[PDB]
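The structure appears below as structure tokens.
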Amino acid sequence: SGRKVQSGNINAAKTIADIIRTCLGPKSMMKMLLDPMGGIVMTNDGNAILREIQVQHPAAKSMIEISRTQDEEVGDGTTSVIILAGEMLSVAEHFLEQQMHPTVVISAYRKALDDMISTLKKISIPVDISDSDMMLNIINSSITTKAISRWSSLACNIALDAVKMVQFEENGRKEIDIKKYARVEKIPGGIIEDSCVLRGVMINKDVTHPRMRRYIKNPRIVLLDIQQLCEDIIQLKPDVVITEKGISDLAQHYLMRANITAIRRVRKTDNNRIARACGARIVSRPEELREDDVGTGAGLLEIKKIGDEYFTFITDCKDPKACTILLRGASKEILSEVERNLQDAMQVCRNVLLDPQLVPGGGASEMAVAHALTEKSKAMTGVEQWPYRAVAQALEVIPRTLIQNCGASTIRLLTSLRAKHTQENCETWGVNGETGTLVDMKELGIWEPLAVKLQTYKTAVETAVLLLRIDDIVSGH
Amino acid sequence: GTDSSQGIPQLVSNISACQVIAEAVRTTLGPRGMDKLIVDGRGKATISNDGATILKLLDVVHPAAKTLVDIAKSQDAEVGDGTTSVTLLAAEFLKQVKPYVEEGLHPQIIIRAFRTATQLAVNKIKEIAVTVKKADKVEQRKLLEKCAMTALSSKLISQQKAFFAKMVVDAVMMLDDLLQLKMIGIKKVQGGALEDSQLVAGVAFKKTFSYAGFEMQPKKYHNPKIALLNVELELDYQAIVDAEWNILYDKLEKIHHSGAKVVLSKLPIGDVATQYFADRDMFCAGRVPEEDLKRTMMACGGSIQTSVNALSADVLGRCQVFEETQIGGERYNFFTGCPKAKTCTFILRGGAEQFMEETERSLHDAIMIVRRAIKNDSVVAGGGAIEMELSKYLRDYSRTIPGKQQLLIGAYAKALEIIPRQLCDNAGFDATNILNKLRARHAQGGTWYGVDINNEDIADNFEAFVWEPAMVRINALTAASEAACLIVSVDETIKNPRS
Amino acid sequence: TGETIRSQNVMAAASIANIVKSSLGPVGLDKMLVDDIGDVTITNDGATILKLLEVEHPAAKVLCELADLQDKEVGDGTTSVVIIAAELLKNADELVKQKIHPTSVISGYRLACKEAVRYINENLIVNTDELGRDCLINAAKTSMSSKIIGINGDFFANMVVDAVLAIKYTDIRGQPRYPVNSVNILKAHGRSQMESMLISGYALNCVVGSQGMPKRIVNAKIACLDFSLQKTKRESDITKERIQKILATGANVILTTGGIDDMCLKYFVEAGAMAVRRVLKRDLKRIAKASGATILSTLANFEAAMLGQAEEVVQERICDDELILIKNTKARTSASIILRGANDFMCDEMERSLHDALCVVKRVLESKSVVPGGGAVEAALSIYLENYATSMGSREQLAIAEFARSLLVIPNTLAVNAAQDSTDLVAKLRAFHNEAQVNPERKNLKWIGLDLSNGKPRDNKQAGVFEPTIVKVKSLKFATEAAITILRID
Amino acid sequence: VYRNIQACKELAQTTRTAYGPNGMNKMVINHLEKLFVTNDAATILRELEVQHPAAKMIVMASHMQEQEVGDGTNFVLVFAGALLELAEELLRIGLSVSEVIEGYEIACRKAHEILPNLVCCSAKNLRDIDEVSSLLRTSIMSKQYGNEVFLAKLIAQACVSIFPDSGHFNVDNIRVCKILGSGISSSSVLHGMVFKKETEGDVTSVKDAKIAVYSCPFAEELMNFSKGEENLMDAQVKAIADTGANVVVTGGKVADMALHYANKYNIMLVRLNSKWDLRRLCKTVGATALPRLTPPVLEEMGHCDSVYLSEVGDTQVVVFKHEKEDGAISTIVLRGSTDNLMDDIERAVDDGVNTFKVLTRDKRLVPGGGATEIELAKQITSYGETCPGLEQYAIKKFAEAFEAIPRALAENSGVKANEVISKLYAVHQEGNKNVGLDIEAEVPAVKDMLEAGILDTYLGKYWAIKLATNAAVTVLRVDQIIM
Ligand SMILES: Nc1ncnc2c1ncn2[C@@H]1O[C@H](COP(=O)(O)OP(=O)(O)O)[C@@H](O)[C@H]1O
């Protein structure tokens, strides 16, 4: 009860953390799971472990759930938040055994959080905007030690065009990037070099009887979800009007009387990307049917039989925000991983659009925030001093686990690393993930972007204060 | 099955151990307290209402109970009565400080709060102390007879207790050399009315077979004294009778030569040989109690003897007179008339037998009350009025002090309130009404409203002359606080057995 | 084993308050509320914790509806009416075990609550008057403590008390009302929160209707609509003839919530009107009720006088934003602090601290009779009912003190939740409210309560930490109502 | 290994509560059924069945600490338990069991030289009674109740200040004649060996006396046996009374014809000697132990100077004084109601006078009560980051163990330990050395210890931080015994 079930909360949170502790970094040990049926599955990906695993404890469920919110925003690193919350939660109980309140602990944790968001911006190294060499270095840091290393030579371009075609100039200069409008099309057949980029949206569907006035040199897309309304359209005369249902060839000729091209059985990820690339709109109410009906969209419609398939390309569009990226090959196992790591890289170059900062990872950023927060802990007094210092050294498992799963010892390596980091303040050295040696991570080149690691540290602190905010689970067990 | 040896279980076990030994003496508080019966185990039935007479004859197995029963032993060595009050008060201190300990408050803090509250209470008792000495207590002594009247007031005994009050003020005043219970005995006489009692100036003892020899002794004698002998007097086969005959001869001649009027011994004299030891030519006595041994030597002065013709200087030395009279029909021993007279024995002439218990409950503290009202004059009221005034003062002192001691001094306050609450429960009234109606006019009208033991309504014990000694109450609550903080300071009890 | 079903009910009712004990106060913790269907619940307030709890014991179920009877009066106090009543049950069971009858304890509680509200009604405050304004200033400062507004929050506090009192509605019975959504948040990019200012109307950051209206178009008659004035092919070609039919009736400031008029700026020099896209209904309805206008979707039909009053619509630049200055209207539903900053996202918690100040200032405005906050009423009542109890002398004498010992659980809880030791703060409040009674000269020493953010003794009348008196009075009524029922149940 | 340091942790925990001036007293109902409500750690350690062998090293180090300053035992136990408690954290981090040893050794060597750099020593001499009465206040202030020390420091000092002479001192001469009865205020001072006697025939102003020595205490044919026993005890008391004795001693009770003989030759019939004064009276007057009444001679005899009767403490007692030192023996008379507080008062007296003995040879006085400990805890943890390597861990785990000592002073006084440790560590940064932990305030408030006068011996801390570290090192270097 109370602090006893709070310790139960942090125990249930820590056990799922040490389940997935070792499997970060480029030398990750493989966690195997069996069902009670005979399925024997081995993996490295932490999220794949988190998916199947059951937990009987709601605190661990919520800890999983906020990382589940984390996966679909900036991408990977979801093992790092579940790891880094757990050590803060375990070190908080040493003060909970000191009979101090959770309130002073969480305020000290927030005071560490505002320090950790600042000190990372101190050590932020500016990458230049859209220069292709350090854009390749972005690919070298974010996309390697995976199964892309024989096909990242295309992925370096697929990153750079896709980030320049998902921009959004809402409050300023093109600042919001997105991963749901980039028109991916992952069709097998052909060589992987047929995976190409273009401006516009492809559509697998077409009219079933294409004896139509189909492709017009400036398709102005109106959406619809009746030949009297087809008669009523011809006030402003758009050249295309989009439906989702079947159009007979007599109805195709009757729409040719209107000179509009409708379409059938179209997906919704297809449809919203069609409207996004072109600025479509939808109205059929007659007193709302006005000058404000027709969405002046594309600059090319194109019936194209790409891969013997009834394709319609809405290309040379209005808005360069939903644009074509084809994905070809033989099987469908690596260009999916290209899509995943390059949507993570799409958020990376979104940061490069906003805060183009590449901070040395491999624990070097972690050692920097650790040292910069220990030196700030020396001045502060009060009861919140020891928890504030605790997350100064609770968070340094990012080298410590990484030096763990590479063969080398952790004690002498970490002690010599902090020995060359405290008085060697301007160095920012990290443990290399291959030989287990302390290298200059700026010389090694492995730089994690600033905003993604800021997000991970922030979400870890939110996980800690969320768990310590919980008092009791009294509505059942 | 319950294991309790960790620190909070240590103190919880200690205070349960003091609660059970407090319940062992709970009902005996007050003058009309409930009797407790214990045995020795072999058939020696002891009915008691005293506290230390119970507590010494009681068993005690627990560590904390043993380290409070030493304070209980220390309190009887002062005056006797009052050992139940200090133990009950310290146990109520512990039971009131109980819920604050397991909620997470430190024992040194509550000990310091107990000490500061005790210093405040021992301050406030001194200002309300009232002397009553020169309001006609030794000259025109009748008001000191009036508190002598407080033993058995407004009863059927009260008419005879007028005589008992006059004689208890005489039993104090004629002998005041810091008098004790030893110097004044009471002697039960069957038959007659209770008004026919007396207070003799000397010893008084019934004579039995092994006690004393024969009547018609030198009663009206100028200097009758005592031989205190430790040899018997009673009565080869041809060489063993003549030696005994010769020993009979010389033990007969010892009475003529030494001139002892009454020989005293712890050895049997034959009353089946009554004239045969009147053929010792004088009186003798045997099988002596120790009160007779003192009060005829420390007061009369009869010398002690050793041999066959043991003469001394105080077998007919200076005492006033001898007496041997049918007091209630039965002739008693009297080596009365003591030149060092701390000896005046009460002679309970009366009809019923169990009135000896009535007088040894009611006049055995009346000697204490009267000799204390002579001994102390700075006195206060009783009946739980004094604890109620200190509880009101400390209830004010709690809320007028910032800090964690405020909850403790109030815990020091309410823990006093079981002192009259146990009293009326030993009387028979409802404690709740007799405490609430007490505290209302105690917090509005005045201080010395107290609990009456007779009609069970709130009265004014200061005007009923119920005097409690201020120094006795000071030592009482001081010892209560000390025995409180000793058990509270105790956590660990290391055992280290044999095996 | 088991005995005295009253004690069973006492434990069952006590468990409910033991759930909601640490949730009292704004610094309270979170109670995980999980049924075994898998869903979790993260919440800090005792109302929905009491509501969504799968409650078990029937005697405890007497509590959750009676505290729900607290919900339909003022809302909050639902936690404290549980906690106080459970402490009343706890002390009443100890009184029961002293052979005091539950009837006597119940009658003592019923005397104690009436004596308590009679004590309260002689010590409340109405000092927050029309000229009493600095009390409202530092009362607003309580809502924004330990935030970075605090050095500009005095300049914010002046303009926000000038926001709430000038926007105040005299109601049907004459008592002042504050509609909370009347003054509203409105960002401005550029310079920081040092220069953000209250405007006496709303000033929308959407498309500019006209410079053709003068700098003070004196009788702004709001001809607001919902259509888009776009031409089709007394109008079907809906741009002019409807708005010209109403425009001959003195339609001064036309509003088109949808699209603009096509001949807009030429009609906007003979009418002095606007055509502003995406006028949100938070401001459209609250400029309609600010002026007394009529929004016309269709307009072909009267329509002369029901285009309500505004006094001027200014056309100037306000922090890199030409705004739609719907201002100086008929009714005061138009005001907005132009939140100068970068967005509503850089000053997001800042505009949160500006909005919550309004609804914590509005509480003393409704039902102007007020008592201090910080649990000082309970400490003063524990001082009160003690000496009230010692005057009785009946069997209820021990009841009222157990009343007075129960009421101080509210400073006892808040001292725990504010990460302090619970003994010394309540003891300091008792000591300070002693000389509020035993010392006649320091009657201005009543108002010392606990600061809810730190847990320390502090003035509240000087600081504005207040509570409407009907909340305290009705919570002390309903706590006794919860006590008497479960004490009667056996 | 972990079971050994766990046994050391519980050995530290059973004495941590009895630490400082607010130590919670423990109850001893021992093997032979005593009853002690006591506070001294050496009393509890000599009673506890220490069964685990690893804790016996800690007990022996505390005993060696007792053997040379008399105090600081619970400090050794608490500091050693803290060192081992942080040593298990160092081991579970991943440090070796070797590295903690030389880390503790380096930091202890650093502490041994930083410790003489914080001293506020004694003023001029162990004379000037009222000055050194304040210096002896802290020792009994830790042991007995503080409000009692104001008389008790004077009573314990005015007797021990009799012979601070010629650079040499003995603590055995300060004795206690434990006389029951009246209160602690009725305690007084005596100059010479004192115990109660029975009879009255004492020659008082004797010369260099001739003291009896006892190692073992006490028809007509019947009358002839009586005269034979009569002249028998006559010749016995003459066998002492020949060679001219002035007193006749016995450990037991009187005899009537023997006391008449001792009045006939005018000899003092000394009675009721303890089972401990049989050596001590022989030591002070130059006496050699004699079993019976027949075998003394002039060579078999003790030599006091003045034997008479004193009535201080409201009771008749003997006096033996004016030996070769002429003021060698100086007992104290301790008056109490019961005995269960008097053993604690007695064990406070000698633990005050051994601090007087170490003040004869070490005049250095350090500020005690958290002042020295937090200072060392800051100095060594500032030294810890200077030297790199693995020892940078262990040195920083050394000084933190020093913070366990005022914490035990904190939590024995109802004070939140983290708040007062943080406040003391903050105020020690600027408001330097002489500040420490206040006892009386329920609020965690610091107070300067120099003006409070609460100072300790420097040599006691110097030996204690050596012996506790040696105990921790010699415990950490074992693995097991088959047990
Ligand atoms: N009144 C006091 N104020 C502050 N510190 C005190 C006080 N009394 C004792 N101490 C501290 O308690 C510490 C431990 O003494 P202690 O171990 O009890 O002595 P001993 O070893 O003789 O039992 C001493 O170093 C002293 O500084």
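Protein chains in written order, with PDB author numbering: chain g, 17 to 241, 274 to 525; chain H, 12 to 246, 262 to 525; chain a, 13 to 245, 266 to 333, 340 to 528; chain Q, 29 to 246, 262 to 526. Where is the CB? At the ideal position from N, CA and C, for every residue including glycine.
For residue i, which three-state DSSP category applies?
i, result
"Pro-446(H)", "helix"
"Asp-497(a)", "strand"
"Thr-98(H)", "helix"
"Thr-523(a)", "helix"
"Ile-174(g)", "helix"
"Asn-366(a)", "strand"
Hey, is residue i close to ligand 1, as in C-beta under 8 angstroms from one of its heavy atoms?
i, result
"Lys-171(Q)", "yes"
"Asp-193(Q)", "no"
"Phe-445(Q)", "no"
"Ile-497(Q)", "yes"
"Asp-61(g)", "no"
"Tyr-47(Q)", "yes"
"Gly-412(Q)", "yes"
Between the Cα of residue i and the Cα atoms of the options, which residue gives the shortest distance?
i, options, result
"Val-107(g)", "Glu-444(g), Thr-372(g), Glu-414(g)", "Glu-444(g)"
"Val-509(a)", "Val-409(a), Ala-469(a), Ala-456(a)", "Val-409(a)"
"residue 586(H)", "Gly-410(H), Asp-181(H), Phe-360(H)", "No answer is possible for residue 586(H): it lies beyond the span of chain H, which begins at 12 and ends at 525."
"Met-221(Q)", "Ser-210(Q), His-196(Q), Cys-187(Q)", "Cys-187(Q)"
"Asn-289(Q)", "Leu-302(Q), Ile-508(Q), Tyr-308(Q)", "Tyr-308(Q)"
"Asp-297(g)", "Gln-275(g), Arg-227(g), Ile-237(g)", "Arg-227(g)"
"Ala-369(a)", "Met-384(a), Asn-425(a), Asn-133(a), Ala-348(a)", "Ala-348(a)"
Using a Cβ-Cβ distance cut-off of 9 angstroms, determine whether residue i contacts chain H.
i, result
"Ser-374(a)", "no"
Answer with yes or no whether the minimum CB distance from residue i to chain g is below 9 angstroms.
i, result
"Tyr-426(Q)", "no"
"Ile-121(Q)", "yes"
Does any residue of chain Q bring its CB to less than 9 angstroms from the CB of residue i?
i, result
"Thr-429(g)", "yes"
"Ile-174(g)", "no"
*asked:* So, does the segment 58 to 74 of chain Q touch the segment 467 to 478 of chain Q, judging by three or more C-beta pairs under 8 angstroms?
replied: no
*With contact counted as at least three CB pairs below 8 angstroms, one residue from each stretch, are the segment 375 to 384 of chain g and the segment 178 to 195 of chain g in contact?*
no
*asked:* Within 8 angstroms, do at least three Cβ pairs link the segment 60 to 73 of chain H to the segment 83 to 95 of chain H?
replied: yes
_Under 8 angstroms, with one C-beta from each stretch per pair, do the segment 383 to 391 of chain Q and the segment 169 to 176 of chain Q reach the 3-pair mark?_
yes
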